[PDB]
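In what follows, a single structure is set out as structure tokens and then discussed.
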Amino acid sequence: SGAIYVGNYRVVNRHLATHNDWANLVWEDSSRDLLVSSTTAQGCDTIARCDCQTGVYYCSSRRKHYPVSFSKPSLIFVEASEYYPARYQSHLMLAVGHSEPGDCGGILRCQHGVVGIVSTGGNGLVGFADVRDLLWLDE
Ligand SMILES: C[C@@H](C(=O)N1CCC[C@H](C(N)=O)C1)c1noc2ccccc12
Ligand SMILES: [Zn+2]
């Protein structure tokens, strides 16, 4: 579990979005596993605007932060689940690191700010849904 709070927006994994998230929907993309809802309170997270391939992510299954090298956002195959059929997930970045079900929503940050959130993993890998291209989150 976990979300990014920037301005009047809340960014969450689309498969974990609540009734309130869907009732206050701004944008969602099943292919990216992202959903953005509106909030009344102001969010103070800062979004990174860069091409960093190194950063630190929060791993709830270890209650720890880990430094990682991660790939550029790309289309990657993702197996079926109670949330999606087998498909390519776009804007996804992989890293070698620990992650297990329950870790989705963990933030990945670089020195510039928030890069993305945990969305996939297993087998000694962790996948992050990138948010750096969503320039509208700032305005
Ligand atoms: C269950 C599998 C997974 O990635 N899912 C389920 C949840 C939805 C994911 C998706 N993006 O479509 C696919 C998984 N394996 O290891 C992990 C580690 C972190 C996080 C999710 C996992
Ligand atoms: Zn950066």
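Within each chain, counting starts at residue 1; across the structure tokens, chains are named A, B, ... in the order shown, with ligands numbered 1 upward in that order.
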
**OP:** Within 8 Å of region 93-99 of chain A, counting only C-alpha atoms, which residues show up once you throw out same-chain ones fewer than 4 positions away? Write them as a PyMOL selection string, please.
**Re:** chain A and resi 59+61+66+68-74+103+120-122+124-130

Subject >> Near-residue 23 (chain A) list (12 Å; only C-alpha atoms; drop same-chain fewer than 2 positions) as a list in words >> reply: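 So the residues in contact are residues 17, 18, 19, 20, 21, 25, 26, 27, 35, 36, 37, 38 and 39 of chain A.
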
Let me see the file: selected residues, N, CA, C and O atoms, as an mmCIF file, in the first residue's frame.
data_model
loop_
_atom_site.group_PDB
_atom_site.id
_atom_site.type_symbol
_atom_site.label_atom_id
_atom_site.label_comp_id
_atom_site.auth_asym_id
_atom_site.auth_seq_id
_atom_site.Cartn_x
_atom_site.Cartn_y
_atom_site.Cartn_z
ATOM 1 N N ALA A 17 -6.948 1.270 -6.025
ATOM 2 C CA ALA A 17 -7.754 2.473 -5.831
ATOM 3 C C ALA A 17 -9.031 2.178 -5.054
ATOM 4 O O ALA A 17 -9.594 1.105 -5.207
ATOM 5 N N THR A 18 -9.459 3.123 -4.208
ATOM 6 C CA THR A 18 -10.654 3.000 -3.341
ATOM 7 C C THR A 18 -11.952 3.524 -4.040
ATOM 8 O O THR A 18 -11.886 4.032 -5.151
ATOM 9 N N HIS A 19 -13.131 3.449 -3.357
ATOM 10 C CA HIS A 19 -14.366 3.995 -3.892
ATOM 11 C C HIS A 19 -14.231 5.506 -4.045
ATOM 12 O O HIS A 19 -14.597 6.044 -5.091
ATOM 13 N N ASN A 20 -13.667 6.171 -3.017
ATOM 14 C CA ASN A 20 -13.416 7.615 -2.999
ATOM 15 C C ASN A 20 -12.514 8.048 -4.144
ATOM 16 O O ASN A 20 -12.829 9.036 -4.804
ATOM 17 N N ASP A 21 -11.420 7.302 -4.409
ATOM 18 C CA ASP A 21 -10.531 7.552 -5.556
ATOM 19 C C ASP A 21 -11.315 7.563 -6.872
ATOM 20 O O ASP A 21 -11.194 8.497 -7.655
ATOM 21 N N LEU A 25 -12.152 10.716 -9.450
ATOM 22 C CA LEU A 25 -11.248 10.378 -10.550
ATOM 23 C C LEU A 25 -10.864 11.620 -11.366
ATOM 24 O O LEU A 25 -11.748 12.384 -11.750
ATOM 25 N N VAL A 26 -9.562 11.794 -11.666
ATOM 26 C CA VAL A 26 -8.991 12.825 -12.536
ATOM 27 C C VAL A 26 -8.492 12.125 -13.843
ATOM 28 O O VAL A 26 -8.821 12.547 -14.954
ATOM 29 N N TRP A 27 -7.784 11.000 -13.697
ATOM 30 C CA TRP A 27 -7.218 10.250 -14.827
ATOM 31 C C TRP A 27 -6.818 8.853 -14.349
ATOM 32 O O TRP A 27 -6.388 8.684 -13.213
ATOM 33 N N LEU A 35 -3.668 5.536 -11.211
ATOM 34 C CA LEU A 35 -4.931 6.248 -11.045
ATOM 35 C C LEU A 35 -4.622 7.472 -10.210
ATOM 36 O O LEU A 35 -3.828 7.399 -9.264
ATOM 37 N N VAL A 36 -5.151 8.624 -10.639
ATOM 38 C CA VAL A 36 -4.990 9.912 -9.971
ATOM 39 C C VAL A 36 -6.385 10.413 -9.570
ATOM 40 O O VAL A 36 -7.293 10.496 -10.418
ATOM 41 N N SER A 37 -6.555 10.691 -8.290
ATOM 42 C CA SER A 37 -7.801 11.257 -7.791
ATOM 43 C C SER A 37 -7.555 12.633 -7.185
ATOM 44 O O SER A 37 -6.417 12.965 -6.823
ATOM 45 N N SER A 38 -8.627 13.429 -7.031
ATOM 46 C CA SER A 38 -8.505 14.761 -6.458
ATOM 47 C C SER A 38 -8.606 14.736 -4.929
ATOM 48 O O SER A 38 -9.243 13.854 -4.354
ATOM 49 N N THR A 39 -7.948 15.686 -4.268
ATOM 50 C CA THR A 39 -7.978 15.773 -2.811
ATOM 51 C C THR A 39 -8.391 17.186 -2.411
ATOM 52 O O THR A 39 -8.201 18.122 -3.192
#

**OP:** Could you jot down the atom 3 (C, counted along the ligand's line) of ligand 1 to CA of residue 62 (chain A) separation for me, Å, one decimal place?
**Re:**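 CA of residue 62 (chain A) lies at a distance of 17.2 Å from atom 3 (C, counted along the ligand's line) of ligand 1.
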
Original post:
If you count only C-alpha atoms and all ligand atoms, which residues end up within 8 Å of ligand 2, as number ranges by chain?
Top reply: A: 48-55, 109-113, 115

Could the residues in this selection be written to a file with N, CA, C and O atoms, as a compact mmCIF listing (two decimals), in the first residue's frame?
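Just written: again23.txt:
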# COMPACT_ATOMS: atom_id res chain seq x y z
N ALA A 48 9.95 14.46 -9.45
CA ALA A 48 11.20 14.63 -10.19
C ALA A 48 10.93 14.80 -11.70
O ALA A 48 10.06 14.13 -12.26
N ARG A 49 11.70 15.65 -12.36
CA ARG A 49 11.62 15.85 -13.81
C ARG A 49 13.06 15.60 -14.32
O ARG A 49 13.88 16.52 -14.33
N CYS A 50 13.38 14.33 -14.62
CA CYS A 50 14.76 13.97 -14.95
C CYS A 50 14.81 12.62 -15.70
O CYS A 50 13.78 12.00 -15.94
N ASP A 51 16.05 12.11 -15.98
CA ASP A 51 16.24 10.78 -16.55
C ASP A 51 17.12 9.92 -15.64
O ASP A 51 17.85 9.05 -16.12
N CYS A 52 17.07 10.14 -14.30
CA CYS A 52 17.84 9.38 -13.32
C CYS A 52 17.57 7.90 -13.46
O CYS A 52 16.45 7.50 -13.71
N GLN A 53 18.60 7.11 -13.34
CA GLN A 53 18.48 5.66 -13.30
C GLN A 53 18.98 5.08 -11.99
O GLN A 53 19.30 3.90 -11.92
N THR A 54 19.12 5.93 -10.94
CA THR A 54 19.49 5.49 -9.59
C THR A 54 18.60 6.23 -8.61
O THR A 54 18.22 7.38 -8.84
N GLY A 55 18.32 5.59 -7.50
CA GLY A 55 17.42 6.17 -6.51
C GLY A 55 17.26 5.26 -5.31
O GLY A 55 18.02 4.32 -5.16
N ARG A 109 12.46 7.36 -5.04
CA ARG A 109 12.86 8.75 -5.10
C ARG A 109 14.30 8.86 -5.61
O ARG A 109 15.13 8.02 -5.26
N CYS A 110 14.64 9.97 -6.27
CA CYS A 110 16.04 10.26 -6.60
C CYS A 110 16.34 11.63 -5.89
O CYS A 110 15.49 12.12 -5.14
N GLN A 111 17.53 12.25 -6.11
CA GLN A 111 17.82 13.56 -5.49
C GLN A 111 16.88 14.67 -6.01
O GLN A 111 16.88 15.77 -5.45
N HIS A 112 16.14 14.42 -7.12
CA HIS A 112 15.23 15.42 -7.69
C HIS A 112 13.81 15.33 -7.13
O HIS A 112 13.04 16.27 -7.33
N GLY A 113 13.46 14.22 -6.47
CA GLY A 113 12.11 14.06 -5.95
C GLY A 113 11.51 12.69 -6.26
O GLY A 113 12.23 11.73 -6.49
N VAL A 115 10.06 9.69 -8.20
CA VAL A 115 10.20 9.10 -9.54
C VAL A 115 8.97 8.18 -9.94
O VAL A 115 8.49 8.19 -11.08

Original post:
Which residues come within 7 Å of region 45-47 of chain A, counting only C-alpha atoms, excluding same-chain residues fewer than 5 positions away, as a ChimeraX atom specification?
Top reply: /A:4-6,113-115,132

Selected residues written out, N, CA, C and O atoms, as a PDB file, in the first residue's frame:
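As written to disk, out.pdb reads:
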ATOM      1  N   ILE A   4       1.220   8.891  -3.690  1.00  0.00           N
ATOM      2  CA  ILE A   4       1.955  10.163  -3.816  1.00  0.00           C
ATOM      3  C   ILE A   4       0.922  11.297  -3.674  1.00  0.00           C
ATOM      4  O   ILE A   4      -0.111  11.306  -4.356  1.00  0.00           O
ATOM      5  N   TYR A   5       1.207  12.263  -2.810  1.00  0.00           N
ATOM      6  CA  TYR A   5       0.312  13.388  -2.587  1.00  0.00           C
ATOM      7  C   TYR A   5       0.979  14.648  -3.077  1.00  0.00           C
ATOM      8  O   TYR A   5       1.902  15.126  -2.411  1.00  0.00           O
ATOM      9  N   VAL A   6       0.603  15.141  -4.259  1.00  0.00           N
ATOM     10  CA  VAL A   6       1.197  16.355  -4.832  1.00  0.00           C
ATOM     11  C   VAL A   6       0.099  17.347  -5.203  1.00  0.00           C
ATOM     12  O   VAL A   6      -0.818  17.022  -5.971  1.00  0.00           O
ATOM     13  N   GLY A 113      13.458  14.220  -6.469  1.00  0.00           N
ATOM     14  CA  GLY A 113      12.115  14.058  -5.947  1.00  0.00           C
ATOM     15  C   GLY A 113      11.508  12.693  -6.256  1.00  0.00           C
ATOM     16  O   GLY A 113      12.232  11.728  -6.489  1.00  0.00           O
ATOM     17  N   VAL A 114      10.183  12.601  -6.241  1.00  0.00           N
ATOM     18  CA  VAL A 114       9.491  11.333  -6.479  1.00  0.00           C
ATOM     19  C   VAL A 114       9.565  10.910  -7.952  1.00  0.00           C
ATOM     20  O   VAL A 114       9.207  11.690  -8.846  1.00  0.00           O
ATOM     21  N   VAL A 115      10.063   9.689  -8.203  1.00  0.00           N
ATOM     22  CA  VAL A 115      10.196   9.103  -9.537  1.00  0.00           C
ATOM     23  C   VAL A 115       8.966   8.183  -9.936  1.00  0.00           C
ATOM     24  O   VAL A 115       8.494   8.185 -11.084  1.00  0.00           O
ATOM     25  N   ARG A 132       7.261  10.589 -13.844  1.00  0.00           N
ATOM     26  CA  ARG A 132       8.003  11.786 -14.234  1.00  0.00           C
ATOM     27  C   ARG A 132       7.495  12.478 -15.491  1.00  0.00           C
ATOM     28  O   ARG A 132       7.704  13.683 -15.628  1.00  0.00           O
TER      29      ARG A 132
END

Original post:
Could you write out, as a ChimeraX atom specification, all the residues of region 15-135 of chain A that DSSP marks as strand (DSSP E or B)?
Top reply: /A:25-29,34-44,47,54-59,64-70,74-78,87-96,107-110,113-122,125-130

**OP:** Go through chain A and collect every residue that DSSP, computed from the backbone, puts in helix (DSSP H, G or I); the answer should be as JSON, numbers by chain.
**Re:** {"A": [14, 15, 16, 19, 20, 21, 22, 23, 135, 136, 137]}

Can I get the selection written as a PDB file, in the first residue's frame, with N, CA and C atoms?
ATOM      1  N   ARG A  14      -3.509   1.739  -9.709  1.00  0.00           N
ATOM      2  CA  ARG A  14      -4.903   1.627 -10.150  1.00  0.00           C
ATOM      3  C   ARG A  14      -5.600   0.400  -9.541  1.00  0.00           C
ATOM      4  N   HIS A  15      -4.886  -0.735  -9.410  1.00  0.00           N
ATOM      5  CA  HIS A  15      -5.497  -1.962  -8.841  1.00  0.00           C
ATOM      6  C   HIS A  15      -5.802  -1.871  -7.345  1.00  0.00           C
ATOM      7  N   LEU A  16      -5.271  -0.844  -6.676  1.00  0.00           N
ATOM      8  CA  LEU A  16      -5.521  -0.638  -5.258  1.00  0.00           C
ATOM      9  C   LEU A  16      -6.413   0.595  -4.972  1.00  0.00           C
ATOM     10  N   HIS A  19     -13.131   3.449  -3.357  1.00  0.00           N
ATOM     11  CA  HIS A  19     -14.366   3.995  -3.892  1.00  0.00           C
ATOM     12  C   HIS A  19     -14.231   5.506  -4.045  1.00  0.00           C
ATOM     13  N   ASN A  20     -13.667   6.171  -3.017  1.00  0.00           N
ATOM     14  CA  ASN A  20     -13.416   7.615  -2.999  1.00  0.00           C
ATOM     15  C   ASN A  20     -12.514   8.048  -4.144  1.00  0.00           C
ATOM     16  N   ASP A  21     -11.420   7.302  -4.409  1.00  0.00           N
ATOM     17  CA  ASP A  21     -10.531   7.552  -5.556  1.00  0.00           C
ATOM     18  C   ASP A  21     -11.315   7.563  -6.872  1.00  0.00           C
ATOM     19  N   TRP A  22     -12.137   6.539  -7.104  1.00  0.00           N
ATOM     20  CA  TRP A  22     -12.943   6.452  -8.331  1.00  0.00           C
ATOM     21  C   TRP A  22     -14.090   7.521  -8.388  1.00  0.00           C
ATOM     22  N   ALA A  23     -14.614   7.947  -7.229  1.00  0.00           N
ATOM     23  CA  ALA A  23     -15.661   8.986  -7.194  1.00  0.00           C
ATOM     24  C   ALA A  23     -15.076  10.398  -7.457  1.00  0.00           C
ATOM     25  N   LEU A 135       3.511  15.746 -16.404  1.00  0.00           N
ATOM     26  CA  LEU A 135       3.857  17.142 -16.092  1.00  0.00           C
ATOM     27  C   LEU A 135       2.695  17.922 -15.467  1.00  0.00           C
ATOM     28  N   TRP A 136       1.444  17.517 -15.784  1.00  0.00           N
ATOM     29  CA  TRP A 136       0.221  18.154 -15.281  1.00  0.00           C
ATOM     30  C   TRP A 136       0.020  17.997 -13.757  1.00  0.00           C
ATOM     31  N   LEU A 137       0.731  17.049 -13.112  1.00  0.00           N
ATOM     32  CA  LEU A 137       0.625  16.873 -11.663  1.00  0.00           C
ATOM     33  C   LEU A 137       1.045  18.135 -10.895  1.00  0.00           C
TER      34      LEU A 137
END

**OP:** Could you jot down the CA of residue 133 (chain A) to CA of residue 81 (chain A) separation for me, Å, one decimal place?
**Re:**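 One can read the CA of residue 133 (chain A) to CA of residue 81 (chain A) distance as 26.7 Å.
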
Original post:
Using only C-alpha atoms and all ligand atoms, which of A:13, A:8, A:42, A:24 sits nearest ligand 1?
Top reply: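 Looking only at the distances to ligand 1, the closest residue turns out to be A:13.
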
**OP:** Check the smallest atom-to-atom distance from each of A:7, A:12, A:90, A:43 to residue 75 (chain A) using only C-alpha atoms, then report the winner.
**Re:**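 Using only C-alpha atoms, residue 75 (chain A) sits closest to A:90.
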
**OP:** Would you please work out which residue, of A:134, A:32, A:41, A:10, is nearest to residue 92 (chain A) when using only C-alpha atoms?
**Re:**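 Smallest distance to residue 92 (chain A) is found for A:32.
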